[PDB]
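Quick one: the structure is below, questions incoming.
Residue numbering begins at 1 within each chain, and the chains themselves are lettered A, B, C, D and E in the order written.
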């Protein structure tokens, strides 16, 4: 039953991760965009990274 | 450089304009004590001064300032007008005789088509039909109410026509008249309307839009009475001929009178009560279609809504007229609450109008429109929005996680169902043990295997970029004939210079020198045409760099609610929407004992924009950005709108700008201006909110353990809920269904409150099983249409530019066809259309605004020509015949006979020629049930000879066939508006500051010549293949932009910043109309060997005409026989086993409004078969996929080209940027051999439905075995040119029509084809070469519109 | 293997505490600040703490008891009357209902005095 | 094996502390705020490293797909 | 085995700690922390440019 306990703990950790991710998404609001810090919570994505890589040449 | 005003209400009646004008005229608050009156009396307008300073206006003001006359609100005079019975004996006689003449002429005109139809179906003075003889005998004397409405419309229309003509002639004209409408005194002007009643000592000051609205109201009531009287006469003649609804004219007149009385007692706010009429009507419908609990609940909520609306209206008007000049105008029946009597009576009348019938109660939805439109206040409306858009919303983190998880689950399910793959997660470690198995095996759990835990777990997934953002902006999505908000710093330019203070004017003049001309444009088309720094990839660079965030120029402008934003914030608003329309709606297909219990819940979603905050929309828009790889493109709204200053920028509703205030962000908040709008603006991101609502409904279905079905049709949604239950003992089905409805109501109320959308009981209601989507009523598989609601505005110059004649006739025919397609009445729609066509041509033509009687003189020339040609008795008969000739040759009849039996046809010329044959059979006494033969009367012979013998003058055959593959040529067809103005549009665009448009306009003519030279060498010309070649080249986009621009008025002044029509355009349009009118005398010269009808096939004749017109040796794939002529109709037993058999499976003699057993006939077009090659299709954008499909279609159709290799290498290198062999890996492989009936372009009908409602087709069964065996014996498995679907549709529709004209639906019909009319069709071998150099020139000259190239990396990732 | 079970139970208790705290977390929208000069952040808190914040009008809203009842998972009066077994008639709608029923041409209506 | 469980428990204690401090900080002033929003640890480079790692992974994927040229 | 699940839990805990740090220091009020985050992101962008173009 050790593996069962590990699986239950893993699923609870997955729920914690989902809730915290939704909180991160919902907490990156218009105040962040006015600040200019939204990309800290959101993270650089393919378009911006490609644009920078093109600029890095 | 003349000004032309509207003839119908094309905008909104303005509260602010009436307030400002009436407050300046009478020097005091008129409708409201806002800032509008303060600034309209402190600093008036020039137009208002000109209105006030007239002699008659000064006399009226002097009368009022004493005062002998009393000031009233516009609705008082609306009520006064719509009951004007002060008609003298001479006026009574004049109007009665005019209406009698119009009715007689319309019936005489309709007799031609009735005779043609009755002669084809074999159902056997100026009227040769006994049916219409009886109808005229019934219709000899019009009723009194109809004469009243016709007289009122005639007088109001005369006022409008006089003003419009004398304003076109003389600028600034003000129409002062007191003779046409006895008692009333009108001072009418494009910026005002002062109405004075002398006998009652009353006066109002309203706007021009209100006079247009009064004219529209009179026309609508006249149309309702006309339709009602025609239908009642037909039904008295035969219960199947008229519409299904049986109305009473007296009761309807009482309804109009009582609605006007309600609008008079209550002021403008009275429309609120009228706004609830549907509620009552809806309740009435439920009382026939529902059980006790549902209908009682809806009736109670309806009554609560109506009376709460009445109380709100009373409170608002009493609080509004408190300090105005109308404080004495409030009736004593509003103070003491006696209105509750009158309103009750009104509702009683509606019930009497319903007559406990579904047909009447469904048709009664026109009541919203016959009472006019409310004088809309802008400041109050957007303050009401602000009340709901500043509220703080509290969310449970679990609820947000569940919503985001449901969204992500739907995304994953769509991916797996479509792409057979999970989106590549970047943090797939989150999936604990079982979701990892689902990911590795690429499978998803069903909804019934889903739990809330699973959704909260899914809420943590992040994806990789799985979709493509187009680098080069599509110019067909960001260009339209709509206004654009000026930037923030220039927002003050939306208000008149008089209404603004000195400091604002100085600031505007000093800031217009710091903004580029594109910014100071005020219109979208002018915004882009004047953009001299335009780039093809500015939109992509803006989205990638997020230049729309924290932008000082962002502002939101509310006008008639219609909100707009300056320039680039608009295109982003579209771009995001555009992406959701391609890449994400595929995942949401619905966005367009042991007893099963089912309910339905209808919710008004028009309040989503206020409810949604960032914390709710972002949790799904972020997943969308992650899929597309951008950062905050689908969430732009909630990250940009909060920081902007929402302002109502109507012309006559300025804000109070403080001393030394020039910035809109520092203006003090007030009525008409507010900030910090946390929420969505209606219309923007509508697709995202619909997607989010569907995700929520899935989550609720998970939480409620019931199966669900969503249908979100715009701003209202229907949720069908089913649950399996253990039925209680003694409980019935109705109780179980009601209990399920109540529980689901509570659950979705709880969830919607969970996202902070506090649902209101007024919006959401519950029904057992009825669905009322598409604004239509459906009961047990029977459709009840509100046809009359759409034919209300059938007037002379409807839906036209520069009062065009052909376009107005087209619109009249299209609108009045709804009484045929939906209302299910051939004769009623025919007679209504003929009434209004005769009114437009015989009467209203000599009253044109710009060419007052030039068109009437031309039409008289045409009538004399037709009298001389066809040897007609007089000009009355010439007009009757002209009215029934196709607009291809003549221009009388806009609705060909084939439209009465099937909607779509692939050959307009053959249908027109068959229509002409049938029409001329009226005069030639030719039998239509037999063959074509030469008899003594050779009018048809002369017509056909003049059709086929003509001097051929081909010019630009191939570009014309690319643009309209059905075009005739040799100047044998009426030129259209886009053809005439194309040269003018190009000359205007060539001088535009934008290099992209100017360059493409400079090369436009040369590119057209080159495009004509590309495919001139292929012998068997296929016009649809030429169309495919056309759409695969960048000239298609330039042509579409030019055609969009050519549809506007005043092309020349497009860059001149005026709203006036240049005289050049006026003259050009006039000459166009005259040439089109005289096309009938050009087509049939008096001196035009005679064609012999012995062994004549009209299909060959039409093919020869089409070939000769272009002088092309062979044209294939555009000629198809007319089904109505090909198939003779038999009603007895088929002793020869030939022809399609249509049988009636229903047992009732009458099958109208009844659903049968068989499946509905949608039309069922047979599509092409293609093996799509396997690759990562999501790596190509929509444009690239469309281009690949077009090139594959070319490879399928042009496989016989002698230089195919070079031609396709050039095409693929130019457009797609790939070599031919590299692109060939992506081309669909069309297994089908024949491309002449399986090709799919925009020039071919995608469906071939019948001319009956879909449900009706269920009553009949079609069998096409004998004709199929005969045709496959004669042709041996080879495609023919006759359309199978159209044969079926013709059979069904003529069964319906024989029921209409016979009162007994036929037991069985057989369609026996004419064999000589049917010709074999094989895909030919396209001998010849393709001009490669000309094709390269066409690609290069318009290269700026070339679709996105497929880059090397994109091809690599494509596999 | 008792110590491993004890360690796993301690970890399970910590996970249960974290999940119990998270599941009751209330998120407040990023609405306007006080005096409507500026924009506030998307603050978060516990359920009871945010309910009391609503009680102290610390977050401006157009409605209070509805939000409290929703957060407390209670049935407020507005929800109770919005969706009931029957819909109660407003007194004006009551009068309109007696007027509508019993149609006998006795409503005593005088249009010409309007 | 028990060392892994001990480190997991230490991480969970850190997570409890992080979450409670987050809730206290988001509570607002006038309740548990004396200074002007005091920094409770001061390490803001943790998310900087995390974002750098995520962007590095995305850039690596993009460059790997481009390397097939 | 047990080690695989322990490694998965370690990864999940690292993710949770990172996102918790993001939430905690993102809730900073004073302008100093905001400007520090913005300048740190600018430096991160420049470092990414240099590290991408180093080869």
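The rule is simple: contacts are C-beta pairs under 8 Å (C-beta built on N, C-alpha and C of every residue); 3 or more make two chains touch, one makes a residue touch a chain.
> Mind naming the chain pair that shares the most C-beta pairs in contact?
B-C
> Chain with the smallest distance from its CA centroid to the overall CA centroid?
B
> Roughly how many whole angstrom separate the Cα centroids of chain B and chain E?
Between these chains, centre-to-centre, one finds 52 Å.
> How many angstrom between the C-alpha centroids of chain E and chain D?
Centre separation, chain D to chain E: 6 Å.
> Determine the centre-to-centre distance between chain A and chain B, using the mean Cα coordinates as centres, and give it in whole Å.
It comes to 44 Å between the two C-alpha centres.
> Enumerate the residues of chain E that touch no fewer than two other chains.
Answer for chain E, listing residues that touch two or more other chains: 2, 6, 8-9, 12-13, 15-16, 20, 22-23, 26-27, 37, 41, 48, 52.
> Spell out, as numbers or ranges, the residues of chain B touching 2 or more other chains.
Only 395, 397-398, 400, 430, 464, 614-615, 642-643, 678 qualify.
> What residues on chain B touch chain C, complex-wise?
257, 261, 264-265, 296-297, 300-301, 303-304, 306-308, 310-311, 331, 333, 340-345, 347-348, 387-388, 390-398, 400, 613-615, 642-643, 669, 675-676, 678, 742, 745-746, 749-750, 753-754, 756, 758-761
> For the complex, which residues does chain E have touching chain B?
8, 11-12, 15
> Which chain A residues qualify as touching chain E in the complex?
Listed in rising order, the residues of chain A that touch chain E are 2-3, 6-7, 9-10, 13-14, 16-17, 20-21, 23-24, 27-28, 32, 35-37, 39-41, 44, 49, 52-53, 55-57.
> Quick one: which bits of chain A touch chain B in the complex? Just the residue numbers, please.
7, 10-11, 13-15, 17-23, 25-26, 28-30, 33-34, 36, 38-39, 42, 44-48, 51
> Which residues of chain B touch chain D in the complex?
On the chain B side, the touching residues are 426, 464, 1352-1353, 1356-1357.
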